2 protein chains.
Amino acid sequence: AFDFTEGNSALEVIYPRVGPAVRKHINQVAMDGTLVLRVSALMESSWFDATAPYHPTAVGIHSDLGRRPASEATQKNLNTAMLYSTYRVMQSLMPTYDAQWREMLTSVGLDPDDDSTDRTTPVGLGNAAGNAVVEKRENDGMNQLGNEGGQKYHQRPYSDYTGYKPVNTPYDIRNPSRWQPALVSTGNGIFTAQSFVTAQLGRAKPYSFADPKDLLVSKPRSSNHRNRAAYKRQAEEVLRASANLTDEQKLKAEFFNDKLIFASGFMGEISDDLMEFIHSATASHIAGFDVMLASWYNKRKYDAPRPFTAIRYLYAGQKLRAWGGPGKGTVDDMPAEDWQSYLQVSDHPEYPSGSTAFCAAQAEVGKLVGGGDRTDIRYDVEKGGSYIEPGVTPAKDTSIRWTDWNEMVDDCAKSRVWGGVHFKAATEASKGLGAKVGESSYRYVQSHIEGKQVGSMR
Amino acid sequence: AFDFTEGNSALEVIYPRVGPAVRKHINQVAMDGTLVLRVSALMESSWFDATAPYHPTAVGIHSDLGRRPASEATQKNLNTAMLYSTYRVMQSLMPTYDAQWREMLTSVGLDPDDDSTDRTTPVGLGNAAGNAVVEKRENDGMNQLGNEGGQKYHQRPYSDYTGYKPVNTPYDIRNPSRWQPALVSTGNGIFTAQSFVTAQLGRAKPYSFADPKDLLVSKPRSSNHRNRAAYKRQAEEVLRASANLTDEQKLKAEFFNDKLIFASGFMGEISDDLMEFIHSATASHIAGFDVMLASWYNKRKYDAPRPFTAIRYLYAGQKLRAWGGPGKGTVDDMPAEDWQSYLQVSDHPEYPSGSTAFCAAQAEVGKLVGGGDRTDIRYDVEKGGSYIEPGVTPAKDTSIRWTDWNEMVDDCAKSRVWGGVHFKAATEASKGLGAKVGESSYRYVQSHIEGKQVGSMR
Ligand code: VO4
Ligand SMILES: [Cl-]
């Protein structure tokens with residue numbers, strides 16, 4: 001029931017199956033940007049590579065698959081290349097979802113046992129393109145296969161092979177100027193301590209630049225607790241934002257915090273030309289992948305503490321005015337040792353903000369695609385639809401709209417402070433960081449579009 | 001499709017629903033004894049109190065609910081009382097399964113909104129009995145409500161309020177004489193450190209004795225890493241068990257490691273008389289709850305290291321002849337820092353063995369109820385039905401049978417060493433512990449059946 005000649009296989013066949021799998025596999029809140037954006041970058045650049053011969057000049061990022069006559073550039077042909085290259089990438093990234101990927105193909109009539117690599121057919125181009133992405137990314141340094149350092153047994157995808165250790169335990173703040181893992185429980189009586197997710201990411205191969213070394217942000221000096229005044233001030237800002245939350249801040253925090261929810265507000269930016277959609281989506285999420293890698297390089301270098309670690313340190317034995325938790329509204333007697341961010345604070349150091357650097361990179365790419373600051377980004381949440389306070393937030397039906405790329409970025413920054421997971425400085429540093437990677441990935445893909453292979457993916 | 005006059009509530013209506021809910025909520029492997037056995041003891045002791053008025057002399061544990069004419073001691077009325085007590089206990093322990101517990105009652109024709117407490121009706125007796133269990137057990141020191149210590153906000157069920165902290169880190173063995181959390185991943189890209197599950201349990205209120213502190217087991221002198229000779233030998237045992245695993249060892253390890261699959265081996269041990277079934281279950285799983293509690297008191301007291309910790313310390317930098325991981329059979333090049341137990345090692349200190357102490361308790365109640373060492377424990381697994389090596393173990397359909405309670409207890413104790421999760425010493429200590437607790441639970445239940453209230457559970 002999909003129209004190869006007129007539909008968009010991404011929006012109608014691929015996304016409806018890959019989004020849910022990602023939530024089922026990784027996290028119900030699509031919160032783990034280095035995992036979801038690896039899927040996102042790898043899948044969609046495989047679209048770019050699988051359909052490059054149907055463009056007048058484009059060459060692929062991971063493969064050089066030649067040229068086809070412009071008359072073969074049918075909607076059906078692009079769609080078919082897309083579905084097969086997705087198939088190979090997802091079979092590499094999420095093998096335990098083998099059945100789901102086969103069904104992705106068979107539900108639209110294609111055969112998942114067709115492993116042809118004929119560069120004259122859209123199935124061969126899809127297969128060749130997806131296999132090339134998989135061959136170039138399985139051992140890119142992120143440890144997708146848990147084999148780095150010659151590990152033959154008990155392989156765990158994306159395990160850290162680089163020996164990162166935190167200097168605080170989840171139970172003792174030994175160093176308030178350094179990251180501390182949070183103790184977390186889903187509510188079933190099991191408790192676990194966070195572990196720096198994809199701590200090795202900083203060593204993985206980027207797309208649009210050679211080394212994250214050259215995207216170093218400045219030291220987060222307000223997070224040096226010996227700078228007593230600036231350290232206490234940013235913590236006071238996080239407590240005020242917590243104490244003063246509005247429904248709209250809560251939701252804007254929830255929006256920018258879930259990458260799938262975030263992308264779902266973009267259906268007003270989508271071109272009607274399939275090739276255009278592919279080229280924009282490739283630059284967008286190559287920017288996302290690369291900015292996450294730059295963010296994680298920075299995050300590991302500075303190893304900065306999340307707000308709760310500062311609030312616990314500064315306000316020990318005290319009771320704070322803050323958000324009281326689901327359905328409690330603001331309270332005056334939050335014990336500092338129980339205080340939580342509104343959002344669940346993620347499993348990595350605080351500085352800078354990965355979500356914000358992805359917002360900024362995406363807006364940089366957005367501007368370069370549409371020529372100006374104009375956009376149309378939308379989020380609609382029914383009464384009680386919040387995923388932090390279901391049944392309480394928002395109190396009434398809510399529509400949030402952005403029409404300027406910059407104001408959206410600014411809100412995304414603000415929202416991590418409202419969310420409780422970042423100090424102001426992290427979000428500010430991520431604006432310039434995202435801007436740079438978003439332009440560099442735009443120029444990287446645009447070069448390839450224009451027939452110029454650049455970089456070292458091949 | 002349930003016959004109130006001839007069927008069994010537990011086996012036909014309740015267990016097929018509570019079991020799968022316990023797997024969804026807590027763990028696909030029913031391996032977290034302190035939470036499974038809380039559900040087990042509280043549900044079934046609620047049965048015992050629901051139906052005690054229908055026995056000529058029985059008085060309840062958490063309530064005194066009077067006496068019913070012998071003419072009313074019908075199967076129909078027992079089942080009805082069981083279902084309503086269960087309803088109130090599950091609504092307390094697992095409130096997010098509201099729809100499941102409601103459907104548990106509507107599916108055999110009962111109104112989940114019947115509030116009645118009329119002690120002349122099976123409905124009111126069930127409600128009253130379950131309400132009493134709930135009122136006595138919500139604030140028993142297990143911190144089910146997350147409220148201990150006056151915590152009003154961000155309540156997490158069963159969170160520790162007693163300040164347990166490990167002296168080891170997931171990433172560094174400061175002290176090989178003390179417990180170390182494992183770093184664990186579901187295959188997800190996400191990684192978390194274990195936290196001592198229900199570290200507070202030693203403080204909670206037991207059934208059949210006042211205080212676990214009178215139930216201490218011997219000092220584990222071989223888990224002291226400076227007593228070098230003895231420390232090494234027991235690690236060497238665990239390695240040799242790992243290297244020399246066989247399909248039957250593997251399957252017994254799995255059998256005693258999953259509390260629900262263990263309970264599945266007891267089919268030829270159910271009474272036909274429904275009242276007799278409630279009384280044996282109550283003795284059995286009050287025995288389990290009380291041996292969990294005493295085990296945890298000892299685990300916390302001794303804070304002993306798991307085998308993987310000692311192996312990593314002793315054989316740092318070497319390769320080992322061990323189990324290679326799923327489908328790998330035995331290999332000679334397992335790096336020490338990669339060695340894992342066959343079972344997934346549990347999130348609590350090593351000494352003594354909770355599963356064995358449960359096995360030993362369950363076997364003691366079975367003796368006192370059955371008149372001696374004779375029993376009928378069966379466990380069948382189709383080819384490839386392992387949950388550690390799905391599709392590899394076992395080769396060939398396998399049947400395992402125990403006829404002697406003591407044989408079963410020795411196999412459980414041995415299975416934890418085959419499993420890689422315990423040293424021998426911990427599994428031997430649990431025998432004396434489980435015998436004592438199983439006995440005191442049986443005598444504690446037996447007194448209540450006979451009409452003599454004992455203890456402080458009212
Ligand atoms: O549940 V155990 O204490 O035998 O690892
Ligand atoms: Cl900067």
# chains A, B, ... in the order shown; residues from 1 in each chain; ligands from 1
call {"tool": "residues_around", "arguments": {"residues": "region 421-424 of chain A", "least_positions_apart": "2", "cutoff": "7 Å", "atoms": "only C-alpha atoms", "output": "number ranges by chain"}}
result
A: 234, 238, 306-307, 341, 343, 345, 350, 416-417, 419, 426-428
call {"tool": "interface_residues", "arguments": {"of": "chain B", "to": "chain A", "cutoff": "6 Å", "atoms": "only C-alpha atoms", "output": "PyMOL selection string"}}
result
chain B and resi 26+154+156-158+187-189+191-195+325
call {"tool": "residues_around", "arguments": {"residues": "region 257-263 of chain A", "least_positions_apart": "2", "cutoff": "9 Å", "atoms": "only C-alpha atoms", "output": "PDB file with N, CA, C and O atoms, in the first residue's frame"}}
result
ATOM      1  N   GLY A  19      12.085   4.137  13.868  1.00  0.00           N
ATOM      2  CA  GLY A  19      11.833   4.909  15.065  1.00  0.00           C
ATOM      3  C   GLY A  19      11.404   4.047  16.236  1.00  0.00           C
ATOM      4  O   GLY A  19      12.018   4.059  17.310  1.00  0.00           O
ATOM      5  N   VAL A  29      12.553   6.999  25.810  1.00  0.00           N
ATOM      6  CA  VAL A  29      12.827   8.406  25.532  1.00  0.00           C
ATOM      7  C   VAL A  29      14.065   8.456  24.632  1.00  0.00           C
ATOM      8  O   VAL A  29      15.167   8.108  25.068  1.00  0.00           O
ATOM      9  N   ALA A  30      13.892   8.871  23.370  1.00  0.00           N
ATOM     10  CA  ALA A  30      14.988   8.792  22.392  1.00  0.00           C
ATOM     11  C   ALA A  30      16.059   9.830  22.712  1.00  0.00           C
ATOM     12  O   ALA A  30      16.246  10.831  22.002  1.00  0.00           O
ATOM     13  N   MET A  31      16.794   9.533  23.772  1.00  0.00           N
ATOM     14  CA  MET A  31      17.571  10.472  24.559  1.00  0.00           C
ATOM     15  C   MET A  31      19.066  10.292  24.376  1.00  0.00           C
ATOM     16  O   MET A  31      19.841  11.098  24.897  1.00  0.00           O
ATOM     17  N   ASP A  32      19.481   9.233  23.688  1.00  0.00           N
ATOM     18  CA  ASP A  32      20.857   8.776  23.660  1.00  0.00           C
ATOM     19  C   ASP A  32      21.446   9.123  22.300  1.00  0.00           C
ATOM     20  O   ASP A  32      21.654   8.264  21.428  1.00  0.00           O
ATOM     21  N   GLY A  33      21.726  10.425  22.148  1.00  0.00           N
ATOM     22  CA  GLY A  33      21.967  10.997  20.837  1.00  0.00           C
ATOM     23  C   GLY A  33      23.121  10.376  20.078  1.00  0.00           C
ATOM     24  O   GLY A  33      23.101  10.341  18.848  1.00  0.00           O
ATOM     25  N   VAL A  36      21.293   7.176  18.591  1.00  0.00           N
ATOM     26  CA  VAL A  36      20.242   7.383  17.600  1.00  0.00           C
ATOM     27  C   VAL A  36      20.797   8.108  16.380  1.00  0.00           C
ATOM     28  O   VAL A  36      20.429   7.798  15.236  1.00  0.00           O
ATOM     29  N   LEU A  37      21.720   9.052  16.598  1.00  0.00           N
ATOM     30  CA  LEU A  37      22.263   9.832  15.496  1.00  0.00           C
ATOM     31  C   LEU A  37      23.302   9.061  14.700  1.00  0.00           C
ATOM     32  O   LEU A  37      23.539   9.397  13.536  1.00  0.00           O
ATOM     33  N   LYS A 252       8.954  22.378  26.141  1.00  0.00           N
ATOM     34  CA  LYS A 252      10.103  22.691  25.298  1.00  0.00           C
ATOM     35  C   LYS A 252      11.321  21.878  25.722  1.00  0.00           C
ATOM     36  O   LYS A 252      12.090  21.410  24.875  1.00  0.00           O
ATOM     37  N   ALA A 253      11.496  21.673  27.030  1.00  0.00           N
ATOM     38  CA  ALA A 253      12.530  20.760  27.502  1.00  0.00           C
ATOM     39  C   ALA A 253      12.295  19.344  26.973  1.00  0.00           C
ATOM     40  O   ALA A 253      13.209  18.715  26.430  1.00  0.00           O
ATOM     41  N   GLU A 254      11.056  18.848  27.083  1.00  0.00           N
ATOM     42  CA  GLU A 254      10.732  17.509  26.594  1.00  0.00           C
ATOM     43  C   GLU A 254      10.931  17.384  25.087  1.00  0.00           C
ATOM     44  O   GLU A 254      11.388  16.344  24.599  1.00  0.00           O
ATOM     45  N   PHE A 255      10.585  18.428  24.338  1.00  0.00           N
ATOM     46  CA  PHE A 255      10.728  18.420  22.882  1.00  0.00           C
ATOM     47  C   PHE A 255      12.188  18.265  22.467  1.00  0.00           C
ATOM     48  O   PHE A 255      12.562  17.296  21.801  1.00  0.00           O
ATOM     49  N   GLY A 265       8.805  17.482  14.632  1.00  0.00           N
ATOM     50  CA  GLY A 265       8.338  18.835  14.454  1.00  0.00           C
ATOM     51  C   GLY A 265       8.807  19.511  13.189  1.00  0.00           C
ATOM     52  O   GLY A 265       8.497  20.685  12.984  1.00  0.00           O
ATOM     53  N   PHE A 266       9.525  18.786  12.324  1.00  0.00           N
ATOM     54  CA  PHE A 266      10.156  19.309  11.115  1.00  0.00           C
ATOM     55  C   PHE A 266       9.397  18.980   9.834  1.00  0.00           C
ATOM     56  O   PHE A 266       9.961  19.134   8.746  1.00  0.00           O
ATOM     57  N   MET A 267       8.154  18.506   9.921  1.00  0.00           N
ATOM     58  CA  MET A 267       7.481  18.083   8.694  1.00  0.00           C
ATOM     59  C   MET A 267       7.023  19.263   7.832  1.00  0.00           C
ATOM     60  O   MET A 267       6.489  19.037   6.738  1.00  0.00           O
ATOM     61  N   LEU A 343      13.910  16.912  33.470  1.00  0.00           N
ATOM     62  CA  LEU A 343      14.290  15.807  32.600  1.00  0.00           C
ATOM     63  C   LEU A 343      15.202  14.836  33.347  1.00  0.00           C
ATOM     64  O   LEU A 343      15.891  15.205  34.300  1.00  0.00           O
ATOM     65  N   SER A 355      22.737  18.043  23.125  1.00  0.00           N
ATOM     66  CA  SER A 355      21.469  18.357  22.468  1.00  0.00           C
ATOM     67  C   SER A 355      21.522  19.720  21.801  1.00  0.00           C
ATOM     68  O   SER A 355      21.037  19.880  20.675  1.00  0.00           O
ATOM     69  N   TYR A 379       5.232  21.855  17.627  1.00  0.00           N
ATOM     70  CA  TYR A 379       5.082  20.804  18.621  1.00  0.00           C
ATOM     71  C   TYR A 379       3.723  20.971  19.278  1.00  0.00           C
ATOM     72  O   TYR A 379       3.418  22.041  19.809  1.00  0.00           O
ATOM     73  N   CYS A 412      16.233  25.949  22.703  1.00  0.00           N
ATOM     74  CA  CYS A 412      16.849  24.663  22.993  1.00  0.00           C
ATOM     75  C   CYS A 412      17.907  24.804  24.082  1.00  0.00           C
ATOM     76  O   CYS A 412      17.930  24.030  25.047  1.00  0.00           O
ATOM     77  N   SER A 415      16.151  25.418  27.329  1.00  0.00           N
ATOM     78  CA  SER A 415      15.393  24.257  27.775  1.00  0.00           C
ATOM     79  C   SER A 415      16.237  23.265  28.563  1.00  0.00           C
ATOM     80  O   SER A 415      15.700  22.570  29.433  1.00  0.00           O
ATOM     81  N   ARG A 416      17.538  23.156  28.271  1.00  0.00           N
ATOM     82  CA  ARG A 416      18.370  22.261  29.079  1.00  0.00           C
ATOM     83  C   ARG A 416      18.582  22.807  30.490  1.00  0.00           C
ATOM     84  O   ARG A 416      18.844  22.031  31.415  1.00  0.00           O
ATOM     85  N   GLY A 419      15.312  22.139  31.999  1.00  0.00           N
ATOM     86  CA  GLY A 419      15.285  20.703  32.175  1.00  0.00           C
ATOM     87  C   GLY A 419      16.026  20.225  33.396  1.00  0.00           C
ATOM     88  O   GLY A 419      15.780  19.103  33.856  1.00  0.00           O
TER      89      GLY A 419
END
call {"tool": "residues_around", "arguments": {"residues": "residue 310 (chain A)", "least_positions_apart": "3", "cutoff": "10 Å", "atoms": "only C-alpha atoms", "output": "VMD selection string"}}
result
chain A and resid 173 175 to 180 223 225 231 to 232 234 to 236 305 to 307 313 to 316 336
call {"tool": "select_by_dssp", "arguments": {"residues": "region 181-371 of chain B", "states": "strand (DSSP E or B)", "output": "list in words"}}
result
residues 183, 184, 192, 193, 194, 319, 320, 321, 322, 323, 330, 331, 332, 333, 334 and 335 of chain B
call {"tool": "residues_around", "arguments": {"residues": "residue 28 (chain B)", "least_positions_apart": "6", "cutoff": "10 Å", "atoms": "only C-alpha atoms", "output": "ChimeraX atom specification"}}
result
/B:20-22,258,387
call {"tool": "closest_atom_pairs", "arguments": {"of": "chain A", "to": "ligand 2", "cutoff": "8 Å", "atoms": "only C-alpha atoms and all ligand atoms", "output": "Markdown table"}}
result
| residue | atom | partner | partner_atom_place_in_ligand_line | distance |
| --- | --- | --- | --- | --- |
| A:216 | CA | ligand 2 | 1 (Cl) | 7.3 |
| A:217 | CA | ligand 2 | 1 (Cl) | 3.7 |
| A:218 | CA | ligand 2 | 1 (Cl) | 4.0 |
| A:219 | CA | ligand 2 | 1 (Cl) | 7.4 |
| A:429 | CA | ligand 2 | 1 (Cl) | 4.9 |
| A:430 | CA | ligand 2 | 1 (Cl) | 7.8 |
| A:432 | CA | ligand 2 | 1 (Cl) | 7.3 |
| A:433 | CA | ligand 2 | 1 (Cl) | 7.6 |
call {"tool": "closest_residue", "arguments": {"among": "B:346, B:224, B:106, B:92", "to": "ligand 1", "atoms": "only C-alpha atoms and all ligand atoms"}}
result
B:346
call {"tool": "atom_distance", "arguments": {"atom1": "CA of residue 70 (chain A)", "atom2": "CA of residue 53 (chain A)"}}
result
8.9 Å
call {"tool": "closest_residue", "arguments": {"among": "B:332, B:404, B:138, B:303", "to": "ligand 1", "atoms": "only C-alpha atoms and all ligand atoms"}}
result
B:303
call {"tool": "closest_residue", "arguments": {"among": "B:358, B:161, B:47, B:54", "to": "ligand 1", "atoms": "only C-alpha atoms and all ligand atoms"}}
result
B:358
call {"tool": "atom_distance", "arguments": {"atom1": "CA of residue 131 (chain A)", "atom2": "CA of residue 2 (chain A)"}}
result
25.0 Å
call {"tool": "select_by_dssp", "arguments": {"residues": "region 223-268 of chain B", "states": "alpha helix (DSSP H)", "output": "PDB file with C-alpha atoms, in the first residue's frame"}}
result
ATOM      1  CA  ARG B 228      46.428 -15.757  49.580  1.00  0.00           C
ATOM      2  CA  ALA B 229      46.460 -19.550  49.409  1.00  0.00           C
ATOM      3  CA  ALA B 230      42.744 -19.937  50.183  1.00  0.00           C
ATOM      4  CA  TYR B 231      41.672 -17.018  47.987  1.00  0.00           C
ATOM      5  CA  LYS B 232      43.385 -18.524  44.941  1.00  0.00           C
ATOM      6  CA  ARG B 233      42.048 -22.070  45.358  1.00  0.00           C
ATOM      7  CA  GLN B 234      38.386 -21.002  45.330  1.00  0.00           C
ATOM      8  CA  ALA B 235      38.902 -18.793  42.268  1.00  0.00           C
ATOM      9  CA  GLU B 236      40.583 -21.778  40.616  1.00  0.00           C
ATOM     10  CA  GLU B 237      37.489 -23.851  41.413  1.00  0.00           C
ATOM     11  CA  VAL B 238      35.257 -21.300  39.663  1.00  0.00           C
ATOM     12  CA  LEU B 239      37.495 -21.193  36.589  1.00  0.00           C
ATOM     13  CA  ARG B 240      37.616 -24.985  36.354  1.00  0.00           C
ATOM     14  CA  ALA B 241      33.832 -25.123  36.691  1.00  0.00           C
ATOM     15  CA  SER B 242      33.653 -22.554  33.884  1.00  0.00           C
ATOM     16  CA  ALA B 243      36.085 -24.425  31.619  1.00  0.00           C
ATOM     17  CA  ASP B 247      24.887 -29.119  29.100  1.00  0.00           C
ATOM     18  CA  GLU B 248      23.378 -30.541  32.278  1.00  0.00           C
ATOM     19  CA  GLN B 249      25.452 -28.340  34.581  1.00  0.00           C
ATOM     20  CA  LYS B 250      24.445 -25.365  32.424  1.00  0.00           C
ATOM     21  CA  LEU B 251      20.751 -26.239  32.667  1.00  0.00           C
ATOM     22  CA  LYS B 252      20.702 -26.773  36.443  1.00  0.00           C
ATOM     23  CA  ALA B 253      22.472 -23.426  36.841  1.00  0.00           C
ATOM     24  CA  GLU B 254      19.725 -21.818  34.770  1.00  0.00           C
ATOM     25  CA  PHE B 255      17.055 -23.768  36.657  1.00  0.00           C
ATOM     26  CA  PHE B 256      17.855 -22.604  40.177  1.00  0.00           C
ATOM     27  CA  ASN B 257      18.766 -19.119  38.957  1.00  0.00           C
ATOM     28  CA  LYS B 259      12.849 -18.224  40.641  1.00  0.00           C
ATOM     29  CA  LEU B 260       9.762 -18.768  38.465  1.00  0.00           C
ATOM     30  CA  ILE B 261      11.305 -21.566  36.383  1.00  0.00           C
ATOM     31  CA  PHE B 262      12.407 -23.132  39.673  1.00  0.00           C
ATOM     32  CA  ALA B 263       8.801 -22.969  40.931  1.00  0.00           C
ATOM     33  CA  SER B 264       7.817 -24.665  37.631  1.00  0.00           C
TER      34      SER B 264
END
call {"tool": "residues_around", "arguments": {"residues": "residue 211 (chain A)", "least_positions_apart": "2", "cutoff": "12 Å", "atoms": "only C-alpha atoms", "output": "list in words"}}
result
residues 201, 202, 203, 204, 205, 206, 207, 208, 209, 213, 214, 215, 216, 290, 291, 293, 294, 297, 298, 437, 455 and 456 of chain A
call {"tool": "residues_around", "arguments": {"residues": "region 442-444 of chain A", "least_positions_apart": "2", "cutoff": "7 Å", "atoms": "only C-alpha atoms", "output": "number ranges by chain"}}
result
A: 208, 283, 365, 438-440, 446-448, 454
call {"tool": "atom_distance", "arguments": {"atom1": "CA of residue 351 (chain A)", "atom2": "CA of residue 299 (chain A)"}}
result
5.4 Å
